[PDB]
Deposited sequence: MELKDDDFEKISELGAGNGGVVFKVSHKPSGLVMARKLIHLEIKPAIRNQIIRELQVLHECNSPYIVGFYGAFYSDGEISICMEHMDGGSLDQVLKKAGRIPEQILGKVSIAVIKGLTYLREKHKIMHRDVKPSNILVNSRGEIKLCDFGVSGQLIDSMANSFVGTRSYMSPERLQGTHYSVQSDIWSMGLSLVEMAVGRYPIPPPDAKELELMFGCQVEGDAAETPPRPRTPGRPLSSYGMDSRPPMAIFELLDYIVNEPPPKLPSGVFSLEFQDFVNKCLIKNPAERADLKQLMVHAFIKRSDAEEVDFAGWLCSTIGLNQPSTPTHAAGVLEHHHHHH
């Protein structure tokens, strides 16, 4: 779509991350309601246009598992990324309201994430690079979609508490789409237990549900300690095994997207009848 600053009317604020703010907006010429992300950057015209050009690939993304893109442009010190408005927000904010997300929901999320990453790899040769609950969006039609993947290397460079980065990435060695699987595994543990799971919950913390760690200490924990795991009574063995295969520290032994698609947890989840829309609407108070 052709998009420019004066096309838009602000409706409300959707949220803010470290270096961006997202607004629900009306696109007057089309009538479309969008989510417009504004990334404030101080960069010269050559860099701005390289970011915008790199983002044009997003017009080619078309999947039920990937948030739709309408367009990108630069205005007043900010790159705008206009995308599909997801009325359920992110799984991060869903997690806050829900406390914990149950296994059968997380099964539908797992399927959507695997298929989204498969689509990005197979059709666009893109790894995601930033899988985490805040980058998985949901809506009241019960859809689950990935956003904020690294289509633009220049946007990544111009922008550079919780870390979702795999051991291999944190140690500065080789990484691939396998590092996204790690991020998914960790995201799933977080949502399953209701807390970012590094360091592991002990005895009395698991009891209640069923000092914080500095960034350098956290990173060295991820690289050197055994991977997080689900508690073993409350979740099915298939779910525990699924998460375990995602969180293998050696990326060559960690399951890949093709193996996950065929995992027992995934086969079972795919056959289950889960009214996700109904669950979502009542947990966050939508219509």
| item | value |
| --- | --- |
| Regions left out of the model, expressed as runs of the deposited sequence counted from 1 | 161-165, 216-245, 323-341 |
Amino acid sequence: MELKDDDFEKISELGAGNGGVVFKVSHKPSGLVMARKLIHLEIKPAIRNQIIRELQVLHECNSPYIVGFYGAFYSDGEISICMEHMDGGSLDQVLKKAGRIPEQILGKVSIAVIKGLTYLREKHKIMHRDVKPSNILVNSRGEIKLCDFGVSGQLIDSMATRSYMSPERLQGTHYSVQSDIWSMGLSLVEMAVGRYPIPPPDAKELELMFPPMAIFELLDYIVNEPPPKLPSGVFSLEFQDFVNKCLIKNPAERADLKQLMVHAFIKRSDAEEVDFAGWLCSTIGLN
From here on, numbers count along this sequence of modelled residues.
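Heads up, when I say rigid core I mean the largest set of C-alphas that superpose within 1.5 Å between the two forms.
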item	value
Greater Cα displacement in 5 other deposited structures of this protein once the core is superposed, comparing 134-142 with 172-180	172-180
163-171 against 112-120 - segment lying farther from this form in 5 other deposited structures of this protein (CA RMS, rigid core fit)	163-171
Comparing 196-204 with 128-136, the one whose average Cα B-factor in the PDB entry is higher	196-204
Comparing 149-157 with 174-182, the one whose average Cα B-factor in the PDB entry is higher	149-157
Maximum C-alpha temperature factor, selected from 212, 88, 167, 71	212
Residue, from 27, 254, 44, 36, that the PDB entry assigns the highest Cα B-factor	44
Position of residue 115 among the chain's modelled residues by C-alpha B-factor, lowest, middle or highest third	lowest
Chain third (lowest, middle, highest) by recorded CA B-factor, residue given as residue 261	middle
B-factor third for the C-alpha atom of residue 67 within its chain	lowest
Lowest, middle or highest third - CA B-factor, residue 21	middle
Third of the chain's Cα B-factor distribution that residue 270 belongs to, per the entry	lowest
